[PDB]
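One chain is shown next in structure tokens, namely the form deposited in one PDB entry.
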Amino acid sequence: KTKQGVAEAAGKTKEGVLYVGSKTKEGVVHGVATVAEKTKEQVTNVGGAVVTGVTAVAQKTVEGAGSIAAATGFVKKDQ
């Protein structure tokens, strides 16, 4: 066999209260908080990339080679 990223919970009782819980998080972005207050912002762009925002990216890939999760704000001019 093989186990990878497994949450296993087992509970046994005879009388009373029993709570059994499993949780798994794989490739999760949780809780991104951002505040801009009274911000002055001035941009001049000529053929380039300017990124000033909020980007929250989550990616879970099985059997994937060469995966790019986030490519933000770039200039690609390959030949």
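Only residues modelled in both forms are compared. Numbering starts at 1 and follows the sequence shown. In this text, rigid core is short for the largest set of C-alphas that superpose within 1.5 Å between two forms.
Unshown form deposited in another entry; subsequent notes refer to it.
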request  = Note yes or no: does the Cα of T55 move by 2 Å or more between the shown form and the other one after the core is superposed?
outcome  = no
query = Is the C-alpha displacement of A71 equal to or greater than 2 Å between the shown form and the other one once the rigid core has been superposed?
reply = no
task = Specify closer or farther for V62 and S22: how their Cα atoms are spaced in the other form versus the shown form, given a shift of 3 angstroms or more.
result = farther
note = Working note: in the other form the C-alpha atoms of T55 and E63, off by 3 Å or more, come closer
message = Once both forms are aligned on the rigid core, what are the runs of 3 or more consecutive residues with C-alpha shifts of 2 Å or more between the shown form and the other one?
response = 16-20, 62-69
